[PDB]
There are 2 protein chains.
Amino acid sequence: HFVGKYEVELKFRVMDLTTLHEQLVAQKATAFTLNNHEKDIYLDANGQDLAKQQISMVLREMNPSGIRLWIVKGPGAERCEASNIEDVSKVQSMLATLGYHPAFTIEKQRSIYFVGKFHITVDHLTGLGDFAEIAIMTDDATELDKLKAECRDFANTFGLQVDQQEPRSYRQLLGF
Amino acid sequence: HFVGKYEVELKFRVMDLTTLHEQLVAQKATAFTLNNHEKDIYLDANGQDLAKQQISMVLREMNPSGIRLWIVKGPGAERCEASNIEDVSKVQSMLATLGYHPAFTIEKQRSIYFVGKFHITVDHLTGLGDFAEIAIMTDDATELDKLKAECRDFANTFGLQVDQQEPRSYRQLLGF
Ligand SMILES: Nc1ncnc2c1ncn2[C@@H]1O[C@H](COP(=O)(O)CP(=O)(O)OP(=O)(O)O)[C@@H](O)[C@H]1O
Ligand SMILES: Nc1ncnc2c1ncn2[C@@H]1O[C@H](COP(=O)(O)CP(=O)(O)OP(=O)(O)O)[C@@H](O)[C@H]1O
Ligand SMILES: [Mn+2]
Ligand SMILES: [Mn+2]
């Protein structure tokens, strides 16, 4: 379900979890992972070299699913690739050797559902509240156009409205 | 078997493969991989940033074992860390995003054996000949001299003499 170099996404603040969950129930959404605590360590060079290029690099641990990912996001906000990793500390030390060191951490509760080709990701962050992201994976930049708007069609059928859209990343929201 | 941020290693030209193999049987070596094709893609930044720090970074595929490794050697002597990865192409693209691109590729045939704490590799490189590496990984910097001396003793035991020692790396031997 996670194949491709691009994650076409639309993110929204969620005003009621009840109606969101009813729609998930309505549309026969498949649960992939539910209520995982996700801890994301963001790494950068000592002069913020990656952020100066619109790139984020993260080591993510998700519990209790046990999933560990190395993620490189950017440049831009569709480009995203990740790799499952066995050992977060081994990868972190290897990256430190290359000059990347922890810069900050973002924690969240996350659930991920599927409806056909769409991912619906439901997040809760301590300060900030509830969010949902509609996303579609692709490997072909030559098809990015259709997908977004389609995340918009799906989001339109889903009760996630423009007035609630949130274009900022979590690092942007948190001042990192 | 492959635990540590330090790797003590001695590489030898092999003048007599028959003696080496006969000693592998006599010493009850266990084969970890036999006659694998190993393709190593060396990666660096456009300005050779890693080489300038005596760091090498490799994505290795070994067939038919199916082992895939991301390896960061250095900076300088005796430092090496590796992680298993599921997909070379995927990590390669991730590293390309960070600015590291294929600089050159080395191919070889390699068998890897264990005798107690020691690793013995038997390599053949088409333009160059037959080599064997004797190696021990550790996290402890205080024993590196002892371990290297143990490797040299161990090697003599396979008919690999002090005078067949090869301090140059394959990348150096191949003009990279
Ligand atoms: N279990 C899994 N296996 C493989 N890849 C996965 C995965 N779970 C997620 N991914 C991939 O890794 C990417 C991670 O990106 P996101 O989770 O969207 C960052 P985020 O925390 O939402 O922050 P942002 O809004 O601040 O950018 C996903 O787009 C997806 O492609
Ligand atoms: N299956 C595995 N799991 C984890 N680590 C491994 C592994 N196989 C090998 N490694 C580690 O990664 C290192 C890779 O380095 P080498 O294979 O020595 C590069 P090389 O091709 O020999 O050229 P060189 O001449 O520069 O040494 C190994 O020495 C080993 O310590
Ligand atoms: Mn996201
Ligand atoms: Mn070697």
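Residues numbered from 1 in each chain as written, not as in the entry; some residues may be left out. Chains lettered and ligands numbered in written order. Heavy atoms only, no water.

- The name given to chain A in the PDB entry is Adenylate cyclase 2, with Yersinia pestis as the source organism.

### Examining the overall build of chain A
Turning to step 1, where the next piece is worked out: When you go through chain A residue by residue, the secondary structure sums to four helices and eight strands.
Turning to step 2, where the next piece is worked out: Seen in sequence order, chain A has helices and strands lined up from the N terminus as β-α-β-β-β-β-α-β-β-β-α-α.
Turning to step 3, where the next piece is worked out: Relative to its length of 176 residues, chain A is compact, with a C-alpha radius of gyration of 16 Å against a globular reference of 16 Å.
Turning to step 4, where the next piece is worked out: Principal-axis analysis of the C-alpha atoms gives chain A an extent of 50 × 35 × 30 Å.
Turning to step 5, where the next piece is worked out: A buried classification covers 48% of the 176 residues belonging to chain A.
Turning to step 6, where the next piece is worked out: The long-range fraction of contacts in chain A, counting pairs at least 24 apart against all pairs at least 6 apart in sequence, stands at 63%.
Turning to step 7, where the next piece is worked out: On chain A, roughly 8600 Å² of surface is accessible, and the fraction owed to carbon and sulfur atoms is 49%.
Turning to step 8, where the next piece is worked out: Side chains of chain A carry 19 positive and 25 negative charges; the gap between the two charge centres is 3 Å. (Helix = DSSP H or I, 4+ residues; strand = E, 2+ residues; numbered from the N terminus. Rg over C-alpha atoms; globule rule 2.2 N^0.38 Å. Buried < 20%, exposed > 50% of the residue type's maximum accessible area, 1.4 Å probe, protein only. Contact = heavy atoms within 4.5 Å. Areas by Shrake-Rupley, 256 points an atom, 1.4 Å probe, with all protein chains shown as cover. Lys, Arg positive; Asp, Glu negative; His and termini not counted. Charge placed at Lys NZ, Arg CZ, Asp CG, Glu CD.)

### Looking at the pattern of salt bridges
Turning to step 1, where the next piece is worked out: Per the stated rule, a full pass over the model turns up 30 salt bridges over all chains.
Turning to step 2, where the next piece is worked out: Ionic pairing is found between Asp40 of chain A and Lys108 of chain A, a salt bridge with its closest N-O pair at 3.4 Å. Remark: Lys108 of chain A occurs in strand β6 (residues 101-115) and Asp40 of chain A occurs in strand β2 (residues 30-44); sequence separation between them is 68 residues. Taken individually, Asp40 of chain A and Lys108 of chain A each receive the classification buried, so the pair is uniform in this respect.
Turning to step 3, where the next piece is worked out: Across the pair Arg110 of chain B and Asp123 of chain B runs a salt bridge, and its minimum N-O distance is 2.6 Å. Taken as a pair, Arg110 of chain B in strand β6 (residues 100-115) and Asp123 of chain B in strand β7 (residues 118-125) lie far apart in primary sequence, 13 residues in all. (Salt bridge = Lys/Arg side-chain N within 4 Å of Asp/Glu carboxyl O.)

### Brief notes about the coordination of the manganese ion (ligand 3)
Turning to step 1, where the next piece is worked out: Here the manganese ion (ligand 3) is held by the protein donor atoms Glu9 of chain A (OE), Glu133 of chain A (OE) and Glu133 of chain A (OE), which lie 2.5 to 2.7 Å from it. A residue pair is termed long-range when its members are at least 10 positions apart, and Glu9 of chain A in strand β1 (residues 6-13) and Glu133 of chain A in strand β8 (residues 129-138) qualify at 124 residues. (Donors = N, O, S within 2.8 Å, 3.2 Å for Na, K, Ca; no water.)

### Describing the side chain of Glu133 of chain A
Turning to step 1, where the next piece is worked out: Residue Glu133 of chain A is classed as buried on the basis of its relative accessible area, which comes to 8%.
Turning to step 2, where the next piece is worked out: Residues contacting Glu133 of chain A, with those up to four places away along its chain left out, are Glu9, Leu10, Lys11, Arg110, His119, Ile120, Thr121, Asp123 and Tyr170 of chain A.

### As for the relation of the copies chain A and chain B
Turning to step 1, where the next piece is worked out: Overlay of chain A on chain B (RMSD 0.7 Å): rotation 176 degrees, translation along the axis 0.3 Å. Overall, the copies show the geometry of a two-fold rotation axis. Taking the C-alpha atom as reference, chain A places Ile85 of chain A closest to the rotation axis, 3.3 Å from it.
Turning to step 2, where the next piece is worked out: Here 96% of the interface residues in chain A have copies in chain B that are interface residues too; the copies meet face to matching face. (Least-squares fit on C-alpha atoms.)

### Quick notes on the side chain of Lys108 of chain B
Residue and element names in this part refer to chain B.
Turning to step 1, where the next piece is worked out: You can call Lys108 buried: its relative accessible area is 4%.
Turning to step 2, where the next piece is worked out: A distance of 3.1 Å separates the side chain of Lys108 from the side chain of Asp40, its partner in a polar contact.
Turning to step 3, where the next piece is worked out: For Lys108, the residues in contact, after removing those within four places along its chain, are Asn36, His37, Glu38, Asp40, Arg60, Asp123, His124, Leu125 and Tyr170. (Polar contact = N/O pair within 3.5 Å; in protein donor to acceptor, adjacent residues only side chain to side chain.)

### Overview of the site of ligand 2
All names here are of chain B.
Turning to step 1, where the next piece is worked out: Inspection of the region around ligand 2 gives 20 residues, with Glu7, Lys11, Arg60, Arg110 and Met137 positioned closest.
Turning to step 2, where the next piece is worked out: Look at ligand 2: alone it shows 640 Å² of surface, and the protein chains cover 89% of it.
Turning to step 3, where the next piece is worked out: Broken down by secondary-structure element, the contributors of at least two residues to the shell around ligand 2 are β1 (6-13), β2 (30-45), β4 (68-73), β5 (80-84), β6 and β8 (129-138).
Turning to step 4, where the next piece is worked out: Within the shell around ligand 2, the residues separate by chemical class into nine nonpolar, two polar and nine charged. (Near = heavy atom within 4 Å. Nonpolar A, V, L, I, M, F, W, Y, C, P; charged D, E, K, R; others polar.)

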